[PDB]
Amino acid sequence: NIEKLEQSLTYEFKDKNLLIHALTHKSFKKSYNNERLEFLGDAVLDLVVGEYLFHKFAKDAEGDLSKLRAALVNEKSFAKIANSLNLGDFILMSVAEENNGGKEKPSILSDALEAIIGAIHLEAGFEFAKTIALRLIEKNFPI
Amino acid sequence: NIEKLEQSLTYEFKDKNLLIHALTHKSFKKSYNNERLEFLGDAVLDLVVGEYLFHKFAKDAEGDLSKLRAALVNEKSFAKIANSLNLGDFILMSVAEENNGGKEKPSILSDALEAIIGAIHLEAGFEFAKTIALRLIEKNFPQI
Ligand SMILES: [Cl-]
Ligand SMILES: [Cl-]
């Protein structure tokens, strides 16, 4: 069913397993989860948003850029974007995790979104991941 | 003299003033300094190093990738890299800041290095900035 997600992203994965990896919560399967991709995606997003703010607010001091970036690159914002993509429908987690409300946990939603951006960067490069991420941000925060 | 720094960076600036900008400490001139470029470059470097480690340590958990990144992306390491480029020789700062040892401060050296990488990213893009940054990192710190 991940095809629906690809359509929402405007990005079709060459390696489908890579998207599944990004969608795999830590509860699901031994030694296979989205934590490394989330690490990579978070670094991607800090550059995407930092660069965006640097250009958009040419007169803003570093402190302003930093705080504005914190206001965008965070669990709440990413969980919002995740929900706009119905990510809870695609994330893989154990029965117990789902019964404990995992599909609605902001951390799980946020982590999966960041891992997806990491996965797009891995497969397609920074500039591509940037264009995808900026579209999602501009649809959710029309700043 | 600036050509010497470019030679050390193995990168020739298209816009020379951009490099000047990256080299301008906050003490030097009102409303013009390297702090915004440092912010941008720090983000570039966190991605360059995060990606490098992600691939180099394909098995490592996030905690281990983060520790390895902290071993590279830090003031002490960046100041060492800056010193390898003789960066203190090129940083612009007030007389007072210079007399107070500013060209020798690891924070100032690190900031200027990160600002230079930000500037390269700005004019040439991420992949070029990544190439330059990794050369500097590997020339200094092949053990990580
Ligand atoms: Cl991975
Ligand atoms: Cl600037």
Side-chain angles (χ1 to χ4, degrees), chain A residues 1-13 15-50 52 66-124 129-130 132-143, chain B residues 46-47 50 53-54 57-67 69:
Chain A
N1 71 142
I2 62 174
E3 186 56 34
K4 283 180 285 198
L5 180 53
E6 288 166 292
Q7 230 67 217
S8 297
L9 288 168
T10 75
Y11 188 82
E12 186 80 2
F13 275 80
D15 180 357
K16 308 306 186 181
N17 286 315
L18 177 57
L19 179 50
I20 299 170
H21 201 161
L23 291 166
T24 301
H25 180 258
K26 62 190 68 180
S27 62
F28 195 63
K29 192 171 275 200
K30 189 70 169 181
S31 302
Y32 188 85
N33 65 53
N34 64 9
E35 292 180 357
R36 292 164 41 81
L37 286 163
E38 191 288 323
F39 166 91
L40 181 59
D42 192 68
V44 171
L45 286 159
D46 269 348
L47 179 56
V48 171
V49 176
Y52 168 81
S66 187
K67 284 191 173 176
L68 286 169
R69 184 175 57 190
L72 278 168
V73 180
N74 63 69
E75 180 173 285
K76 279 181 178 290
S77 298
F78 295 148
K80 169 179 177 62
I81 293 168
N83 281 327
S84 81
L85 295 170
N86 300 133
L87 287 191
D89 296 345
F90 303 99
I91 292 164
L92 295 168
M93 66 185 67
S94 71
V95 171
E97 185 61 43
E98 185 162 341
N99 288 343
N100 294 335
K103 292 174 55 184
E104 298 179 1
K105 286 182 181 179
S107 68
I108 294 187
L109 291 163
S110 177
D111 286 350
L113 172 69
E114 301 204 61
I116 290 168
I117 300 302
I120 294 176
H121 172 87
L122 182 60
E123 182 169 271
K130 161 186 164 174
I132 294 287
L134 288 175
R135 171 179 175 263
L136 295 173
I137 292 164
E138 296 165 2
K139 290 180 74 176
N140 281 270
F141 301 97
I143 301 178
Chain B
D46 270 347
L47 180 53
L53 296 172
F54 178 102
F57 299 87
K59 64 295 194 162
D60 271 20
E62 174 278 321
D64 282 345
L65 295 179
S66 292
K67 180 167 39 297
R69 183 163 61 191

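Residue numbers begin at 1 in each chain, while the letters A, B, ... track the order of the sequences.
In terms of heavy-atom proximity, A:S94 sits nearest to A:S27 at N-OG, 3.1 Å. Among all heavy-atom pairs drawn from A:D89 and A:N1, the shortest one is O-OD1, 4.0 Å. Listed here is the closest heavy atom pair of B:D64 and B:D60: CB-OD2, 3.5 Å. Across every non-hydrogen atom of A:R36 and B:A58, the tightest pair is CZ-O, 3.1 Å.
With A:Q7 contributing its side chain and A:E3 its backbone, the two residues share a donor-acceptor pair below 3.5 Å. The backbone N or O of A:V49 sits nowhere less than 3.5 Å from a side-chain atom of A:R69 that would complete a donor-acceptor pair. Of the possible polar contacts, one joining the A:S8 side chain to the A:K4 backbone as a donor-acceptor pair under 3.5 Å is found. Between the B:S66 side chain and the B:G63 main chain, no donor and acceptor come within less than 3.5 Å of each other. Listed for the A:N74 side chain is a donor-acceptor partner under 3.5 Å among the backbone atoms of A:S77. A side-chain donor-acceptor contact under 3.5 Å links A:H21 to the backbone of A:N33. At least one donor-acceptor pair under 3.5 Å links the side chain of A:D15 to the backbone N or O of A:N17. Panel note: side chain A:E6, backbone A:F13; a donor-acceptor pair is recorded below 3.5 Å.
Screening A:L45, A:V48, A:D46, A:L40 for a side chain to side chain contact (heavy atoms under 4.5 Å, CB included) with B:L47, the sole residue that qualifies is A:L40.
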Please determine whether side chain to side chain contact (heavy atoms under 4.5 Å, CB included) holds for the pair A:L37 and A:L18, giving the CA-CA distance in whole Å, both sets of side-chain angles, and the decisive distance to 0.1 Å.
CA-CA 9 Å; A:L37 286 163; A:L18 177 57; 4.1 Å; yes

Does the pair A:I108 and A:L87 meet the rule for a side chain to side chain contact (heavy atoms under 4.5 Å, CB included), with working shown?
CA-CA 10 Å; A:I108 294 187; A:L87 287 191; over 6 Å; no

As a quick check of understanding, evaluate side chain to side chain contact (heavy atoms under 4.5 Å, CB included) for A:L85 and A:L136, giving each step before the final call.
CA-CA 9 Å; A:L85 295 170; A:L136 295 173; 4.0 Å; yes

Please determine whether side chain to side chain contact (heavy atoms under 4.5 Å, CB included) holds for the pair A:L23 and A:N34, giving the CA-CA distance in whole Å, both sets of side-chain angles, and the decisive distance to 0.1 Å.
CA-CA 6 Å; A:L23 291 166; A:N34 64 9; over 6 Å; no

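Salt-bridge annotation for A:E97 and A:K26: absent, with no side-chain N of the basic residue lying under 4.0 Å from a carboxylate O of the acidic one.
Atom CZ of A:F78 is separated from atom CG of A:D42 by 6.5 Å, given to the nearest 0.5 angstrom. With rounding to the nearest 0.5 Å, the separation of CD in A:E123 from CD in A:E12 is 9.5 Å. From A:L113, atom CG reaches atom OG of A:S84 across 8.0 Å, with rounding to the nearest 0.5 Å. Here the CD-CG distance, from A:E104 to A:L109, works out to 8.5 Å after rounding to the nearest 0.5 Å. Atom CD of B:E62 and atom CG of A:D111 lie 9.5 Å apart (nearest 0.5 Å). A:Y11 contributes atom OH, which lies 6.5 Å from atom CD1 of A:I120 (distance to the nearest 0.5 angstrom).
Between A:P106 and A:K76 the shortest side-chain heavy-atom distance does not fall below 4.5 Å. Considering only heavy atoms from C-beta on, A:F141 comes within 4.5 Å of A:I81 through its side chain. Proximity of A:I137 to A:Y52: side-chain heavy atoms (C-beta onward) are nowhere separated by under 4.5 Å.
For A:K16, the NZ atom sits in a packed shell: over 12 heavy atoms of surrounding residues, nucleotides or ligands are nearer than 6.0 Å.
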